[PDB]
S.K.: 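Quick one: this structure, given as structure tokens, is what I'll be asking you about.
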There are 2 protein chains.
Amino acid sequence: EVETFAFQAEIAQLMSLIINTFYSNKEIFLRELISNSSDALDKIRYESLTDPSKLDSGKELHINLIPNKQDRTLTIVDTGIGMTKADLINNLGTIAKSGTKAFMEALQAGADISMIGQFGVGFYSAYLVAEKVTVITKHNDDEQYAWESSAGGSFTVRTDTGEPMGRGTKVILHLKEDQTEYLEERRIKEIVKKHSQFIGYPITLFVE
Amino acid sequence: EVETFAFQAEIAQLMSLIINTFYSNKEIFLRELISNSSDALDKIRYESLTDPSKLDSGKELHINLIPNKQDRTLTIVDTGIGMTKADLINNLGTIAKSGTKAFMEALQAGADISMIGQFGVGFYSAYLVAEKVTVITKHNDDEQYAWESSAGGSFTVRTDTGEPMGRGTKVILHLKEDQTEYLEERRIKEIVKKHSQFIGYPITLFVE
Ligand SMILES: CC(C)N(C)S(=O)(=O)c1cc(-c2n[nH]c(=O)n2-c2ccccc2F)c(O)cc1O
Ligand SMILES: CC(C)N(C)S(=O)(=O)c1cc(-c2n[nH]c(=O)n2-c2ccccc2F)c(O)cc1O
């Protein structure tokens, strides 16, 4: 059922860098994930102009933010194009290798972790606030997969023998014990207001 | 040979806004075009991981900046994925309509023309410095096309019965009489240094 993969050397090095560097402006993770959601939503919206049958798996194009104080998780849901088994494993491993090298070269030359997105490696900023990340994704042309990683050099991929979602990506952030502020309504609102105000899709913050 | 199209109402309105608004920080056009080149280069690099035969039309992934004082043109060449007849006409017309609406709504609420890229309509900033724009593009799965526009509500598309380029996009900016500074070596270098320093591809400024 569950397949285990070692991260490429440079990616594993970037994650250790993000987990061990003292950096207080951790809030940047939300903008990076929202921006990735928005790009998946654009990818599906564009593919639907030439082939209107790609919106069969969901007509609605949006982003949902779901805090869960009990489970200590923050979930970012989108109905974007989603990702295939190949994207999760190979594709987002090969494209990452290039940008990871450039970003660490930049940080060496005194750059900021807040610049991570300029290198296409914005996802890894989730390890600033999360101890484990679970990604549930579904692309039209493949099955539903669960990607998971607590860093430490490896990630797992399995078929999601769980509740089905129509086309999209659901990112589950299992927060570190001291990062519970990102489960607070006014805090999420504050971050979204200052970093993701100009997103071309509706962003709905869920209440508890 | 030559097909003439009317721009969608909102796009034609955005171009009039950019051509008529007094705005001195015109230099932003270069970053917007370079960033679009870089995204075309990423699109081809990613499509080449799953299908290595897409790099048959050129192995090299780069951006070339070519000033021509005689012709009063600045050319931005890339070897990115390129664009089809459909992209030039329909696809980049429909996706633009959404972002154009959002950007003008933002500018009404006191936003800056320098924010144009956040709306995916960064291309139209070329009309800050250019009186006419010629786009020569070539995608693997279509022929070579020439797109042209001096704004004024219309653009032209024709098959390029000219010298063939392998996969990519070549943007030719016919500069306004008072925008010749963008043909100067030190000026282009200055703009590239401060706005496009973290591009994941080699940018070569051509000498004259
Ligand atoms: C496991 C993966 C590392 N992520 C959770 S992710 O990349 O941050 C991420 C990816 C997508 C996504 N779906 N389809 C698609 O193309 N993308 C995508 C978008 C932009 C860049 C790279 C990408 F693949 C998303 O909707 C949200 C995300 O948080
Ligand atoms: C006529 C068109 C309006 N442009 C000259 S452009 O969009 O600025 C522009 C487009 C491409 C391009 N080639 N393939 C591709 O997908 N793109 C693309 C990239 C990003 C966004 C939208 C896009 F189509 C490019 O390499 C350079 C550009 O200056």
Side-chain angles (χ1 to χ4, degrees), chain A residues 7 11 29-30 32-44 46-47 63 75-84 86-89 91-93 95-96 99 117 120-126 133-140 145-149 155 157 167-173, chain B residues 7 11 29-30 32-44 46-47 63 75-84 86-89 91-93 95-96 99 117 120-126 133-140 145-149 155 157 167-173:
Chain A
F7 275 118
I11 294 161
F29 84 89
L30 196 49
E32 290 321 307
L33 299 172
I34 289 179
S35 142
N36 279 0
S37 281
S38 172
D39 293 336
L41 287 159
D42 289 344
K43 278 185 183 169
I44 194 64
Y46 165 91
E47 240 173 62
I63 307 164
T75 302
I76 294 90
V77 199
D78 71 75
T79 55
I81 198 174
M83 289 170 289
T84 62
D87 301 341
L88 291 181
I89 308 153
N91 303 358
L92 297 157
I95 52 90
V121 278
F123 168 73
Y124 295 98
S125 77
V133 177
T134 319
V135 177
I136 316 301
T137 188
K138 175 79 187 69
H139 186 105
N140 287 321
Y145 294 100
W147 177 105
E148 190 161 284
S149 184
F155 66 93
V157 187
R167 189 211 62 240
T169 300
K170 180 201 271 173
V171 181
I172 317 171
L173 304 171
Chain B
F7 275 118
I11 294 161
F29 84 89
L30 196 49
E32 290 321 307
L33 299 172
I34 289 179
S35 142
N36 279 0
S37 281
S38 172
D39 293 336
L41 287 159
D42 289 344
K43 278 185 183 169
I44 194 64
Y46 165 91
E47 240 173 62
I63 307 164
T75 302
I76 294 90
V77 199
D78 71 75
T79 55
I81 198 174
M83 289 170 289
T84 62
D87 301 341
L88 291 181
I89 308 153
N91 303 358
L92 297 157
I95 52 90
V121 278
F123 168 73
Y124 295 98
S125 77
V133 177
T134 319
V135 177
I136 316 301
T137 188
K138 175 79 187 69
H139 186 105
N140 287 321
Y145 294 100
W147 177 105
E148 190 161 284
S149 184
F155 66 93
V157 187
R167 189 211 62 240
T169 300
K170 180 201 271 173
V171 181
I172 317 171
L173 304 171

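In each ligand, atom 1 is the first atom listed, and ligand 1 is the first ligand listed. Chain identifiers are assigned alphabetically (A, B, ...) following the order of the sequence lines, protein sequences preceding nucleic acid strands; residue numbering begins at 1 within each chain.
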S.K.: If we only consider heavy atoms of A:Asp87, is any one of them less than 4.0 Å away from an atom in ligand 1?
M.R.: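 Contact absent.
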S.K.: So how far is it from B:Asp78 CG to B:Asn36 CG, rounded to the nearest 0.5 Å?
M.R.: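 One gets 9.0 Å once the value is rounded to the nearest 0.5 Å.
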S.K.: Main chain of A:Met83, side chain of A:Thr137: is a donor-acceptor contact present, judged purely on distance under 3.5 Å?
M.R.: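 Here the side-chain-to-backbone pair exists.
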S.K.: Can you name the closest pair of heavy atoms from A:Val121 and A:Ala96 and give their distance?
M.R.: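 In terms of heavy atoms, the two residues are closest at CG1-O, 3.8 Å.
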S.K.: Give the atoms of ligand 1, by number and element, whose distance to some non-hydrogen atom of A:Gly82 is under 4.0 Å.
M.R.: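 Heavy-atom distances to A:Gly82 below 4.0 Å select 13 (N), 14 (N), 15 (C).
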S.K.: Considering heavy atoms of the protein only, find what lies nearest to atom 29 (O) of ligand 1 and give residue, atom and distance to 0.1 Å.
M.R.: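 Here the nearest protein heavy atom works out to A:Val171 CG2, 3.5 Å.
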S.K.: Among side-chain atoms of B:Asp87 and B:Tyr145, is any donor-acceptor pair under 3.5 angstrom?
M.R.: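 The answer is no; no qualifying pair exists.
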S.K.: Going by the rule side chain to side chain contact (heavy atoms under 4.5 Å, CB included), which residues pair with B:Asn140 if we only count those two or more places apart in sequence or in a different chain?
M.R.: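 Here the qualifying residues are B:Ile44, B:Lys54, B:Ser57, B:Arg167.
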S.K.: I'd like to check A:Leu173 versus A:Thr75 (side-chain heavy atoms, cut-off strictly below 4.5 Å). Are they in contact?
M.R.: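 A:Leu173 does not reach A:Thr75 side chain to side chain.
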S.K.: If you measure every N/O of B:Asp78 against every N/O of ligand 2, is any gap under 3.5 Å?
M.R.: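 Yes; the residue has a nitrogen or oxygen that sits under 3.5 Å from a nitrogen or oxygen of the ligand.
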S.K.: Can you tell if the side chain of A:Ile172 reaches within under 4.5 Å of the side chain of A:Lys170, non-hydrogen atoms only?
M.R.: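 Yes, close enough: below the 4.5 Å cut-off.
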S.K.: Before signing off on this row, confirm whether A:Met83 and ligand 1 have an N or O atom pair separated by under 3.5 Å.
M.R.: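 No - when backbone and side-chain N and O of A:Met83 are compared with those of ligand 1, no distance drops under 3.5 Å.
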S.K.: Measure across A:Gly82 and A:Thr169 and return the closest heavy-atom pair with its distance rounded to 0.1 Å.
M.R.: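 Distance-wise, the nearest heavy atoms are CA-OG1, 3.6 Å.
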S.K.: Looking at A:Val135, which atoms of ligand 1 are within less than 4.0 Å of one of its heavy atoms?
M.R.: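 Contacts of ligand 1 toward A:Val135, numbered from 1: 1 (C), 5 (C).
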S.K.: Would you mind checking which non-hydrogen protein atom is closest to atom 17 (N) of ligand 1, with the distance to 0.1 Å?
M.R.: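 Heavy-atom neighbour on the protein nearest atom 17 (N) of ligand 1: A:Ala40 CB, 3.9 Å.
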S.K.: So which bit of A:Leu92 gets within less than 4.0 Å of ligand 1, heavy atoms only: side chain, backbone, both or neither?
M.R.: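 Under 4.0 Å from ligand 1, A:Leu92 contributes side-chain atoms alone.
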S.K.: Specify side chain, backbone, both or neither for B:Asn36, according to which of its non-hydrogen atoms lie closer than 4.0 Å to ligand 2.
M.R.: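 B:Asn36 to ligand 2: contacts from backbone and side chain alike.
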S.K.: Looking at ligand 1, would A:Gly80 count as a contact under a 4.0 Å heavy-atom criterion?
M.R.: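 Per 4.0 Å heavy-atom rule, A:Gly80 does not contact ligand 1.
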S.K.: Distance to 0.1 Å, residue and atom name: give those for the protein heavy atom nearest to atom 4 (N) of ligand 1.
M.R.: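 Here the nearest protein heavy atom works out to A:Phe123 CD1, 3.7 Å.
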S.K.: Taking only heavy atoms of A:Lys43, which atoms of ligand 1 are found under 4.0 Å from at least one of them?
M.R.: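 Every atom of ligand 1 under 4.0 Å from some heavy atom of A:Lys43: 16 (O).
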S.K.: Below 3.5 Å, N or O to N or O, backbone or side chain included: is there any such pair between B:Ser37 and ligand 2?
M.R.: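 In this structure, B:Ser37 places no N or O atom under 3.5 Å from an N or O of ligand 2.
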S.K.: Parallel, tilted or perpendicular: which fits the ring planes of A:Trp147 and A:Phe123, with parallel below 30° and perpendicular above 60°?
M.R.: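 A:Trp147 and A:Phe123: perpendicular rings.
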